[PDB]
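In what follows, chains carry the letters A, B, and so on, assigned in the order in which the sequence lines appear, proteins first and then strands, with residues in each chain numbered from 1. In each ligand, atom 1 is the first atom listed, and ligand 1 is the first ligand listed.
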Amino acid sequence: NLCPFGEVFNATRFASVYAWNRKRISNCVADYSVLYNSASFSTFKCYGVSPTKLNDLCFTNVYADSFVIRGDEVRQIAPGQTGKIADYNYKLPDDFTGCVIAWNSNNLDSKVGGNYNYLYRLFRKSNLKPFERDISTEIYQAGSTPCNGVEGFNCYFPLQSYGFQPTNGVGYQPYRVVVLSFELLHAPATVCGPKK
Amino acid sequence: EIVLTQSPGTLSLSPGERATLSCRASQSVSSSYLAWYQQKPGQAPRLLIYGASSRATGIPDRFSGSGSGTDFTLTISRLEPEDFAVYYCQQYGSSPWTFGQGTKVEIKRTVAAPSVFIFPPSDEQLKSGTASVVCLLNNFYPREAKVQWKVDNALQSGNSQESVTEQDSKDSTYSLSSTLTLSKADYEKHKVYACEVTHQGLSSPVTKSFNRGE
Amino acid sequence: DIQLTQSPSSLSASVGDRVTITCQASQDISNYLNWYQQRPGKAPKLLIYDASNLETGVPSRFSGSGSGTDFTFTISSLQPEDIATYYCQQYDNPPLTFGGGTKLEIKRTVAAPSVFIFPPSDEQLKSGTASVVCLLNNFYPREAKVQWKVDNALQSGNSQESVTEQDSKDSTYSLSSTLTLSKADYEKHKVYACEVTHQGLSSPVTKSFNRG
Amino acid sequence: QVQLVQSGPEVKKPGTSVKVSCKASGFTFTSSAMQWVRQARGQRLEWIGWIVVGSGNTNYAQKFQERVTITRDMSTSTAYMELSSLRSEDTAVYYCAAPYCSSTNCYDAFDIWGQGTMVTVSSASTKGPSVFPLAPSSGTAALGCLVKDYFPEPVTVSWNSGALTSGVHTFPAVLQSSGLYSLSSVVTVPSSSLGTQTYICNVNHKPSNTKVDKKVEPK
Amino acid sequence: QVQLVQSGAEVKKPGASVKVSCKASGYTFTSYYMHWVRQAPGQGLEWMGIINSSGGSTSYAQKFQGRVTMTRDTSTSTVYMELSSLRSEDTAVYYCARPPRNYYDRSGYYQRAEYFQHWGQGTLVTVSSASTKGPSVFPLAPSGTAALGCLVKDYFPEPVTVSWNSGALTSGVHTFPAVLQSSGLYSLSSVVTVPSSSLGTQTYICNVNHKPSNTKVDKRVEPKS
Ligand SMILES: *[C@@H]1O[C@H](CO)[C@@H](O)[C@H](O)[C@H]1NC(C)=O
């Protein structure tokens, strides 16, 4: 009963960031060595835990959230950050305990004519709470006049596509991101490293 | 398109009266997407009313808006001489965001006689081989004036150009400048240059003249 | 401690040009060097962290580079609102230290000042002091000469000047000169004038009033 | 200070393109939108089209649809309007406008307007103005300046660098048969100030980059 | 939505002590370190020290060791910096600054991230024997474009704040830096240019706030008659 991390990391397609995917991992033995012993990752930052200790630790549940963003947006997947992604698409808590892992996926998610399957939320009335997911497509009301589901002056569609192309600067290229959350509740631990 | 028709084309009223401007649409337009702008001469449009009844920030209470459907009304209650302008209605709820043709609000005034001045060409312009003689009619109402150039008591035609300013924002008068252009040779052949002004505020036409070289 | 030497201390350049300022550390500080922009009277705002990473929300015209001892900070297209003082800061080793700063100014076209003069208020006259105020509005360059004249007598020693920082929009300055007298001395004279000499004026401009 | 500031006047040969800029200050540019309007001389306002700042989506009137491109550059908070295939009917003043926007809300109308940009399309070249004094004669007198033989519009005329504004009349320019423009700016002053007060007219023609300060003396 | 709001400007006698507060809102207070940075007027930035908002551990710069105490109260989400034995060199604007969290990289190494993404508005602390004095506000009456203003005179210490029409008027407003008069009292002027036509229609009032003396003055300025 090993935890299925390869399903998350090696999935053929990833979610739009506004509709980020979440895999809930319970009741299993987790071998994180396949992660921290790999050299394919361009971002690997853990908060509240060192990755080299993960095989010796136990948690109530583990969460793996996955999505695609721009490379120059990966810095927003961190506690306390702001920006379009952190404010409107995927927000981490200040007291986050977990890892943020990102790799360049230009070879997979870019198209010469643009990949318009990947979207992000551009307009929102307020910032997202931590771990909140909003997939609504209501017309954004920029003013005080109700929009009645119609685009116009101060009435804007809230989603926008990345349109990923094989650009020359890596900061514009698409990056796949997995965020691992390690949950500790007042309950028996169900996800444990092989050493425990 | 949505055609916005304003009424009337021009509007002459004395200060203190109430001006009523109408904007009519070829089809219905939402009230919260119709606006009134005031444009003064040499100036950008300025938002007067929005949402057909809301006053923009800093807009005086004498400006009011109302209406619905295919008819909207802008009212200036305590009309003031500084309110001479062109007033435009714009709909911005359906593309294209059409404008009305505008309504010209002008101020009525007591008849005023122009002050007439004559300026001979300068020596600096003389050295260039062209002479310009300028006749100035200052602060007169109504606009209709007549300026005739006479050179050695000979009426000129086809060599002068007039220019009229807009109605003043304070005294609601007009000003006119007439330039007579001649060559150096033609200018130096003659002696007395005069401009004769005929206007309602003058009992008889007033001639202002100078003698070249004096 | 690690000392951060910034260069140049100050500089000026026109809108659109490229600006490159430098920061040198006494020892090796890897890439743990940050760049802040401090607009006049406000708190420093982070623009670049770890010597090359653009802080979220910062326009792309800013960039930085370095690792070790020498670091550079660059503005590509100079913009009116870039008027500020720029500081580098290391955190490779405690205590954290900042650079001396680099004040960036914007060159623009010469603009003449608008000169206004203000007699003392009657309310202040009750207190037994008179302040005459001369205001120069929206001029460039910064240098200007304000001369107080009382009944045509040139005054020195009894006035003070105050200049605004460069405006973030039009890149101009403003200046105020205050001439302070006792009420007794103020009533003794009639003509109070301030005379302004500036690059944007062909001849000096005088604004005056009579005490009556 | 909430403002929209446009670029200076432009002269373009027929068939070329013009790009007018509009820089925003004092409000949340990222939440706003910008509409572009054109006004012909002594004519009505003509809507050109608008852009949403955050997305860059544009909407143009059918007449300008094939010829105008509206963009924005958020690193400088500046929107742009480019008009191509310039014909003489494009000679006009071009305005940008935007609603004021905070971090949360936007104004429900176009309440911020730019000063406008005068664009002249013609085959004629750019000619600087010649300035001549209209000297006062020898209880109120009148003096002025004549700004002659320049192209194209506009020119700006002030008196004493803006200190003198009462009694001034800067007449609208007239087009001479030579194809150049002529204008007169006069002002009336009391008859006791000719021998004491000095009067200087300050004329600027941006298209030719010519600034002139001419003193007017009584002969 | 992170907010750091610091206590008001104060004057303190030499040899005394000052306690500056910094109230944090919009985030989980105990998740971040808080640093203190000071700026002497017209000088550069100086780091004072760091406090762990969770457990209250501190580390101070050498030149302030033995003289500065950093505390935190998690109940009110507030951080305090206390500086004792104040000298003239301690006259400065004091800032609380917040960097992001530290993290571990793939190799298990602890990585620090001490770049300050958030700042308080700062607190001016003036070290002087002079007593606090509230200002007097006098009108600078007006005359195209006209100009009017308010003269804020004979106050101590800095600063004062001047708004116009309760914040409604911002365009064309210039509030000049104060000047230290020969009497040891500060003085500044706030001016604004307006259209001339507006002189007879719009009312102009300047709002002056000298917090260190609890002085609030609203002064209407009208053309002289
Ligand atoms: C994903 O696939 C690669 C190549 O087959 C493999 O090396 C890697 O271990 C896989 N990742 C996981 C988490 O199983």
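Residue A:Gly6 has at least one heavy-atom neighbour below 4.0 Å for each of these atoms of ligand 1: 12 (C), 13 (C), 14 (O). Every atom of ligand 1 is numbered from 1 in the order shown, and the set under 4.0 Å from a heavy atom of A:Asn10 is 1 (C), 2 (O), 3 (C), 8 (C), 10 (C), 11 (N), 12 (C), 14 (O).
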Between A:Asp134 and A:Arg121, does a salt bridge (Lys or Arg N to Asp or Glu O under 4.0 Å) hold up when you go through it step by step?
-> CA-CA 9 Å; A:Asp134 184 352; A:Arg121 184 171 301 282; 3.5 Å; yes
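The pair A:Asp94-E:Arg101 does not count as a salt bridge, with every side-chain nitrogen at least 4.0 angstrom from each carboxylate oxygen.
Taking the ring axis of A:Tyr36 as reference, the NZ or CZ atom of E:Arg106 does not stay both within 45° of it and closer than 6.0 Å to the ring centre. Geometric assessment of A:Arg22 against the ring of A:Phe67 yields a negative cation-pi assignment under the 6.0 Å and 45° thresholds. For the pair E:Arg98 and E:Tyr27, the cation sits on the ring face: its NZ or CZ lies under 6.0 Å from the ring centre, inside 45° of the axis.
Per-atom contact check: atom 11 (N) of ligand 1 touches the protein, criterion being a heavy-atom distance below 4.0 Å. Using a 4.0 Å threshold on non-hydrogen atoms, atom 2 (O) of ligand 1 counts as touching the protein. Less than 4.0 angstrom separates atom 5 (O) of ligand 1 from none of the non-hydrogen atoms of the protein.
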